[PDB]
Amino acid sequence: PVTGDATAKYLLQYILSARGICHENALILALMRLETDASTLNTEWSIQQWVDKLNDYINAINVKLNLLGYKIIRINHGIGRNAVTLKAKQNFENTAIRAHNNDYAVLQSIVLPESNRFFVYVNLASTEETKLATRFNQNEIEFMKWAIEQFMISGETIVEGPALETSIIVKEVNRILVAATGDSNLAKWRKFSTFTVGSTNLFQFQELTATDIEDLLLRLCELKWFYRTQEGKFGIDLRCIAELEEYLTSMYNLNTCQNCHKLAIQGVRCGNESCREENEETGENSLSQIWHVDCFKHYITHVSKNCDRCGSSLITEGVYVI
Amino acid sequence: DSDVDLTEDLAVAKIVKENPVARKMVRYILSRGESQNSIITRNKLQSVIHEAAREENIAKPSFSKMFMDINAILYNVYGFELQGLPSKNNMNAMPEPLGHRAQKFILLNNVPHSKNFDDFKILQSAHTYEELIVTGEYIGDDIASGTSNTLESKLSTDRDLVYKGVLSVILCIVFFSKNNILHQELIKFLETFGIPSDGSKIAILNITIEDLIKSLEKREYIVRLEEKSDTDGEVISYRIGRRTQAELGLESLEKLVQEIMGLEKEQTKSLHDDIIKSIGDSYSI
Amino acid sequence: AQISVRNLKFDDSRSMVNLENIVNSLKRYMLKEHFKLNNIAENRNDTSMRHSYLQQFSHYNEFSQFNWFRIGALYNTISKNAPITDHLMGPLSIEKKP
């Protein structure tokens, strides 16, 4: 552990100091910012080589922590391409020097716009008989369970009006649709699927009062578990599903995306009425046939543009999910 | 030389495989030492060791061997070490850390701090502050959005950040105040920062000043001196807790104070001894 | 040697920076206090002369304006050798498994 293991220590500390979730471009920037001292200049390196080295380091860390009961999973966000790249005025790296949104680059000038996968720190021991103590007492754990219950329950809707809120997901979906074909016709299907519906419904909780619920939910959002959209609705963040991939998929039957070992909660869910089998009482892609934004772009662009769920047209497709 | 890392990983893997309870014990330590960010006692360590050994029916490993294994694994993967803590009664009556017999411990990452990466850390942490509370506002239900941290950001919570800043400034005030400051005097100095001294809860932390100080003491950052006296009343003075002594080293404090005032590295002379003079006997060394 | 170093006290108007100078230099982090919003720069005054630039720092007049996040990063990142972690919830993850 002269110098090589120090880089692994620093990468683990940086990934684990961001409340367990941080941006792959940030990981690459930090890796460069650290290796700049390991081998002097550190200039004869390519972006793909940097990504490969980062992936190798993360794999080493993952194998090290797997025997310890921890893992660093790489989970793709619901949003992708430049939509996640924009962040807050693209990447941060006026009257005062504090405004350096497009300065202080690691090299003389380098940009890493490509960004599609997030790094998350979780544990695989579902039972977890050891880690029972937590800053959150049983009351707010029950509140968390009830909240998540409502978040996944609200995903089923019968019909919605043609009121297209200008969210960051719908804009990307429309961009993908126009990229596939610039018809700009009435292909924006009206039905809305909402897994993130904060409309004072949570405040109806019984055990905790309104002020306590507000404080607890504000703290949870501050801890990067539930995210608030621009309209004021609450939603579970990427890390929440990343940690509870098995729990959500086990205790409920939420449909999986085109990937056979990944879970999706936002994107496009055509559904219509020709859902696979019958499940128990719900349809609309109850069991499968859901796609992420990036997955949707990949599937539409490539062969089999029409949905494989007994065949469907692009006009009936594009059921926006939020 | 290059194979040293690989052989060390193999050795720690063999150790943890031969000691399954070590994984659970490391998990429990890493969880409890941060749930409240407090100190861990020797009695608690012994109790958890016995409980785990009885549950797993494995022969109770020696305490020293378990401590060494935990330290080695933490250094290998997390870089953390459970350095010993000098007894609180030593001051009230180079010291090697008596880990094998220390009464209390606390997690500490031993990776040496670099020279300028922390600059990137602080820049990332503080860049967004201008927009988190622009015009005196704050994030939460009070506004229509709560993604001020973007998809992710180094600011972390912004609740623990303000707490750590308050802790750092309180330590700086106490350290250089002849390592002895009265409670009323401490409140008076803190009032220069705008913290409400009338008992009203502070904005960001949502905690009252008295409750904040009580929590700080409960975390052992500063130890209260209840010097009861009839003439001067119940005057209370705050000392530096052993946690800070074993956590905020002299070199670390020197770097901190140097970079607070932003003086050039060239004029670092006359500062190492000046800081030691100012601090006094705050450390049991 | 060390006896003299330890015996000496502080808060006696020591040459470079005393407690008041230390605290006002800590308050010197005004990159957001008034630089960002008010656009007003510090009034430069142009061993004891080094502290002449710190008198004006005592006009905080409020709390929220000052940058507490920056110092919150100075500490817990530079010093204290902080082993901070995420502290993921366990009770939510545990399964009854009847």
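Quick note: the coordinates plus some simple rules give every number you see, no bench work behind them. Cβ atoms come from the backbone with ideal geometry, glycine included; neighbour counts cover every protein chain shown.
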Separation of segment B:235-283 and segment C:74-98 by C-alpha centroid, Å? 29 Å
Cα-based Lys proximity count in segment A:132-262, under 26 Å, for pairs eight or more positions apart or on separate chains: 14
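Can you give the charge dipole size of chain A about its Cα centre, rounded to the nearest 20 debye, using +1 on the beta carbon of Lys and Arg and -1 on the beta carbon of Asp and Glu? Don't skip to the answer; put the middle values down first.
Working: 31 positive and 39 negative charges, 174 e Å.
With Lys and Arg at +1 and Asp and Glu at -1, about 840 debye.
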For chain C, what does the convex hull of the Cα positions come to per residue, in cubic angstrom? 219 Å³
Using only atoms on other chains, find how many Cβ atoms lie within 10 Å of each Cβ of peptide A:65-76 and report the average. 3
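D for the protein assembly as shown, whole µm²/s, Stokes-Einstein with Kirkwood Rh over alpha-carbon pairs at 37 °C and 0.692 mPa s: what number?
Working: Rh = 28.1 Å.
Rounded to a whole number, D works out at 117 µm²/s.
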Give the dimensionless ratio obtained when the Cα radius of gyration of segment A:138-321 is divided by 2.2 N^0.38 Å. 1.08
Taking every pair of alpha-carbon atoms in chain B, what share in percent sits in each 10 Å bin, from 0 to the bin with the longest distance? 5, 21, 28, 26, 15, 4, 0
Of A:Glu156, A:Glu281, how do they rank once you tally other Cβ atoms within 10 Å and put the fewest first? A:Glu281, A:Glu156
If you average the alpha carbon positions of segment B:121-189 and of segment A:90-104, how far apart do those two centres end up, in angstrom? 21 Å
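Count, for each residue of B:178-191, the Cβ atoms from other chains sitting within 10 Å of its Cβ, then give me the mean as a whole number.
On the way: counts 5, 1, 0, 1, 0, 0, 0, 0, 0, 0, 0, 3, 1, 0.
Rounded to a whole number, the mean comes out at 1.
For chain A, what is the calculated [θ] at 222 nm in deg cm²/dmol (nearest 500), taking -39500 (n - 2.57) for each run of four or more DSSP H residues and dividing by its residue count? Present the calculation step by step, with values, prior to reporting the outcome.
Working: 10 runs with 117 residues, N = 322.
Calculated at 222 nm, the ellipticity per residue is -11000 deg cm²/dmol.
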Cα-centred dipole magnitude for the protein assembly as shown, charges only on beta-carbon of K, R (+1) and D, E (-1), debye, nearest 20: 920 debye
Whole-angstrom gap from segment A:168-228 to segment B:35-81, using each part's C-alpha centre: 43 Å
Base-10 log of normalised Debye intensity for chain A (one unit scatterer per alpha-carbon) at q = 0.14 Å⁻¹: -1.27
Putting +1 on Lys and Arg Cβ atoms and -1 on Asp and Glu Cβ atoms, find which of B:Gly233, A:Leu67, B:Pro86 reaches farthest to the positive end of the dipole of the protein assembly as shown. B:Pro86
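Using a simple charge model, +1 on the beta-carbon of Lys and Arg, -1 on the beta-carbon of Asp and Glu, nothing else, what dipole does segment B:24-146 show about its Cα centre, in debye to the nearest 20? Numbers along the way, then the final one.
On the way: 13 positive and 14 negative charges, 222 e Å.
Roughly 1060 debye, rounded to the nearest 20.
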What ranking of A:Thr130, B:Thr41 emerges when the number of other C-beta atoms within 10 Å of each C-beta is taken as an exposure proxy, fewest first? B:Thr41, A:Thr130
For segment B:9-119, build the charge dipole from Cβ charges (+1 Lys, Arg; -1 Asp, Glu) around the Cα centre, then report which of B:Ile49, B:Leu10, B:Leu74 sits farthest towards its positive end. B:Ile49
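Can you tell me which of A:310-316, A:233-239 comes out highest on packing, and rank the rest after it, using the mean Cβ neighbours within 10 Å? List each step's numbers first, then the result.
Details: A:310-316: 12.7, A:233-239: 21.7.
Descending packing order for the listed peptides: A:233-239, A:310-316.
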Apply the Kirkwood formula to segment B:3-109: the hydrodynamic radius equals the inverse of the mean of 1/r over all pairs of different alpha-carbon atoms; give it in Å with one decimal. 14.7 Å
Rough spin-label spacing in nm, given labels placed 7 Å along Cα→Cβ, for C:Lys9 and B:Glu185: 0.9 nm
Among B:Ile207, A:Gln48, A:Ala179, flag the residue with its Cα farthest along the positive direction of the charge dipole of the protein assembly as shown, charges on Cβ as +1 for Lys/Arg and -1 for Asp/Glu. A:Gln48
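Cα gyration tensor of segment A:4-122, axes a ≥ b ≥ c as square roots of the eigenvalues: rounded (a/c below 1.5), prolate (a/b > b/c) or oblate?
Judged from the Cα gyration tensor, segment A:4-122 comes out oblate (a/c at least 1.5, b/c at or above a/b).
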